[PDB]
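Only one structure is covered here, and it is reproduced in the block below.
There are 2 protein chains.
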Amino acid sequence: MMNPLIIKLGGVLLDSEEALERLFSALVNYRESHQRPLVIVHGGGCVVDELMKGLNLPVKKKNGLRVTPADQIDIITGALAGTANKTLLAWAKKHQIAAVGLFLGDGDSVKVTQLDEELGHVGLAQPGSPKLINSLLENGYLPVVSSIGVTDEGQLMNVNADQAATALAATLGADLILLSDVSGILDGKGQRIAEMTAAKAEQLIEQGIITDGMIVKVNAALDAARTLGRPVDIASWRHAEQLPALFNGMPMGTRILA
Amino acid sequence: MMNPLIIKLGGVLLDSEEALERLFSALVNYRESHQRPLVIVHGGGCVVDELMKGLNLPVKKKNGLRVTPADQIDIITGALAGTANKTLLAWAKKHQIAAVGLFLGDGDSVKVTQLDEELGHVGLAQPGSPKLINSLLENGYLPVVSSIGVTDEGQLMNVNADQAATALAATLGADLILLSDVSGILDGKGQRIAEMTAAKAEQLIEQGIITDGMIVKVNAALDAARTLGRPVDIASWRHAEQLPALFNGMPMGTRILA
Ligand SMILES: Nc1ncnc2c1ncn2[C@@H]1O[C@H](COP(=O)(O)OP(=O)(O)NP(=O)(O)O)[C@@H](O)[C@H]1O
Ligand SMILES: Nc1ncnc2c1ncn2[C@@H]1O[C@H](COP(=O)(O)OP(=O)(O)NP(=O)(O)O)[C@@H](O)[C@H]1O
Ligand SMILES: CC(=O)N[C@@H](CCC(=O)O)C(=O)O
Ligand SMILES: CC(=O)N[C@@H](CCC(=O)O)C(=O)O
Ligand SMILES: [Mg+2]
Ligand SMILES: [Mg+2]
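Line order of the protein sequences matches chains A and A'. A prime marks a further copy of an entry chain. If you count by the authors' numbering, then the first sequence holds residues 1 to 258, one letter each, in order. If you count by the authors' numbering, then the second sequence holds residues 1 to 258, one letter each, in order.
Structure (structure tokens):
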């Protein structure tokens with residue numbers, strides 16, 4: 001087996017049937033034309049915000065991470081580990097892909113602990129064991145992994161999905177692509193930045209250009225590049241014609257260099 | 001590998017920390033003292049009703065099955081495939097059990113189709129492929145399987161969990177135990193019925209003694225007994241002292257005979 005490729009999916013993609021169809025088309029074409037085994041990691045913040053909206057609950061993000069009280073972890077788990085993961089497994093079945101849905105605790109794939117009492121049930125993700133997912137890959141399944149985990153003491157944890165993808169890339173020795181609703185990291189004028197180093201990201205954060213979850217996204221991508229010794233791309237899932245080349249390694253967004 | 005044992009869990013069990021602790025204690029003791037491999041299937045109607053309650057949505061059951069409109073399948077999936085399944089995987093991690101969470105579509109373990117347009121997205125469960133779960137069992141994992149499935153065309157389906165457990169028992173050739181909040185099937189005076197045949201269940205249904213989901217439960221148990229050629233028990237998860245003997249084969253509730 002080749003090193004796998006993790007494709008991380010998030011943003012408003014799940015709210016778009018058309019975008020899901022175009023993505024699954026491109027995944028089936030990549031899978032039928034590449035020996036490298038695919039793994040999907042996903043977020044779903046929008047699914048949570050909608051269920052929180054319907055419940056009249058506030059959305060507080062502290063430094064790009066969603067504060068997750070003990071009274072909200074069950075609902076967030078339902079939206080992310082349930083609705084978002086099973087919507088993706090249904091698109092995979094429609095496209096004749098044998099997928100297996102997982103969260104971070106299955107096979108201890110990604111180790112999670114409480115990151116900060118000020119955040120509640122938000123996890124810090126770190127590498128775990130590759131045995132279960134390697135076994136699924138060797139048997140021809142596509143793992144589809146949500147960003148909920150669980151601590152050794154049994155408490156469910158909400159992990160930001162970019163950090164969960166980075167931890168899983170380190171666990172499997174996988175290449176990584178972070179797909180979002182924007183074409184990579186944007187500069188002060190809203191233009192795509194083609195390449196990113198740690199020095200440059202420090203400068204942009206100092207200048208207040210990179211903010212919110214983007215700060216979390218870039219730092220997760222940088223950690224992955226240094227840990228794997230390979231570039232990591234941040235790119236958009238929006239434009240159909242770009243998907244095939246993107247999955248083949250062409251630079252469509254921001255290439256993070258370590 | 002021995003034929004597995006499926007333990008189906010539902011009712012208000014998930015709302016009871018104390019009952020969950022006593023159950024997981026008993027599962028760990030059974031696992032460490034028995035070569036027979038365990039599989040858990042679960043429902044979670046109460047988790048759904050609570051999230052529907054908080055959303056101001058009605059609960060309509062038509063012949064013991066929950067009508068599941070297209071505008072409710074995502075929320076029901078979140079509660080059952082997400083919150084209930086991951087709460088069980090967290091109790092398994094707390095007890096040092098390596099579990100893997102699945103729904104019915106993973107490995108095509110249980111085939112699901114639309115049962116009736118009058119019910120919406122309710123599935124009819126039928127046997128599927130045992131390969132994925134047999135592989136997990138041989139590698140020492142405890143599968144924990146929710147009762148959401150997916151059709152070949154990609155539509156998520158809500159399956160009653162007793163029928164999903166019966167279909168999975170036929171797929172794996174497994175023994176089955178249906179655990180509920182009541183001590184088996186009760187007669188007209190609210191007393192436990194020790195043994196049940198198809199003739200007797202027909203009589204009780206004719207007399208209006210067995211109703212609602214109990215009709216669905218008994219018919220699922222009868223189908224499983226005839227299909228496996230082995231008795232199937234319906235019993236309570238409520239009383240701690242009875243759990244060990246129950247998992248060892250002692251009659252604690254209603255033994256359905258085919
Ligand atoms: N300098 C910046 N460049 C690009 N995007 C930025 C920047 N600063 C902030 N953002 C924001 O970063 C968001 C990207 O992160 P995020 O909103 O969490 O999406 P996601 O991770 O793709 N989705 P999900 O997994 O569901 O959370 C964009 O849509 C912008 O609102
Ligand atoms: N004759 C009867 N004997 C016993 N229980 C009966 C009878 N008639 C109706 N019931 C009902 O059957 C219920 C059992 O089915 P059900 O309510 O769906 O629980 P469950 O399947 O254990 N849980 P879950 O998986 O979460 O749905 C009982 O609690 C009774 O309300
Ligand atoms: C802690 C944390 O922010 N979690 C994310 C997980 C989903 C994602 O990355 O989209 C969240 O929105 O709640
Ligand atoms: C269709 C159907 O009734 N589904 C069940 C699944 C959960 C269970 O059995 O508890 C339900 O309540 O919605
Ligand atoms: Mg994000
Ligand atoms: Mg029931």
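Note that CB positions come from ideal geometry on N, CA and C, so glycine has one too.
Residue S147(A) holds the alpha-carbon nearest to the alpha-carbon of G82(A) among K111(A), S147(A), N29(A).
Taking 8 Å as the upper bound for CB-CB distance, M1(A) and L102(A) are not in contact here, some 18 Å apart. Near ligand 6, meaning a Cβ closer than 7 Å to any of its heavy atoms, lie the following residues in chain order: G10(A'), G43(A'), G45(A'), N160(A'), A161(A'), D162(A'), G213(A'), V216(A'), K217(A').
Contact between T171(A) and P130(A) holds, since their C-beta atoms are separated by about 5 Å, short of 8 Å. As the crow flies, the alpha-carbon of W91(A') is around 15 Å from that of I7(A'). Among the bridge pairs identified by DSSP, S180(A') is matched with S236(A'). Contact check for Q126(A') against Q155(A') fails: the beta carbons are separated by 9 Å or more. If only uninterrupted beta strand (DSSP E) runs of at least 3 residues are considered, those enclosed by the stretch 13 to 101 of chain A are 38 to 42. Here the C-alpha atom of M252(A') lies approximately 7 Å from the C-alpha atom of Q242(A'). DSSP places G154(A') in the coil class of the three-state scheme, outside both helix and strand.
The criterion of a C-beta distance shorter than 9 Å is not satisfied by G120(A) and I177(A). Counting every other CB atom within 10 Å of its CB across the protein chains shown gives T87(A) a total of 16 or more, marking it as buried.
Not a single C-beta of chain A' is nearer than 9 Å to the C-beta of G128(A). Its Cα nearest to that of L38(A), the residue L142(A) stands out among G184(A), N158(A), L142(A), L51(A). Between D233(A') and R255(A), the alpha-carbon positions lie close to 58 Å from each other. If you look at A169(A'), you'll find it in the alpha helix (DSSP H) that goes 161 to 172.
Scanning chain A for C-beta atoms nearer than 9 Å to the C-beta of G184(A') yields nothing, as the closest lies near 30 Å away.
Excluding residues up to 5 positions away in sequence, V67, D212, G213 lie with their Cβ nearer than 8 Å to the Cβ of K61(A) in the same chain.
In this structure, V150(A) sits away from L124(A), with a CB-CB distance that is not shorter than 9 Å. Residue range 123 to 127 is occupied by the beta strand (DSSP E) that includes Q126(A). Pairwise C-beta distances place the stretch 12 to 23 of chain A in contact with the stretch 235 to 250 of chain A, as three or more of them are shorter than 8 Å. Between ligand 4 and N158(A'), a heavy atom-to-CB distance of less than 8 Å is present. When DSSP reads this structure, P4(A) sits in no beta bridge, so it has no partner. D108(A') counts as buried, since at least 16 other C-beta atoms from the protein chains shown sit within 10 angstroms of its C-beta.
Contact between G140(A) and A98(A) holds: CB atoms are separated by about 6 Å, below the 8 Å threshold. Per DSSP, the unbroken alpha helix (DSSP H) holding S135(A) starts and ends at 131 to 138. By the neighbour-count criterion, in which 16 or more other beta carbons inside 10 Å mark a residue as buried, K93(A') falls on the buried side.
Out of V48(A), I76(A), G173(A), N248(A), the CA that lies nearest to the CA of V110(A) is found in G173(A).
Under the Cβ distance rule, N139(A) counts among the residues neighbouring chain A', one pair being separated by less than 9 Å. Note on geometry: alpha-carbon atoms of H34(A') and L179(A') lie some 19 Å from one another. Annotation for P244(A): the continuous alpha helix (DSSP H) segment containing it runs 243 to 248. Between the alpha carbons of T197(A) and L27(A) lies a gap of roughly 29 Å.
Using beta-carbon distances, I75(A') counts as an interface residue toward chain A, with a partner under 9 Å.
In the three-state reduction of the DSSP assignment, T197(A') falls in the coil class. Taking a C-beta cut-off of 9 Å against chain A', none of the residues of the stretch 10 to 22 of chain A qualify. If you check the CB distance, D175(A) and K217(A) do not come in under 9 Å.
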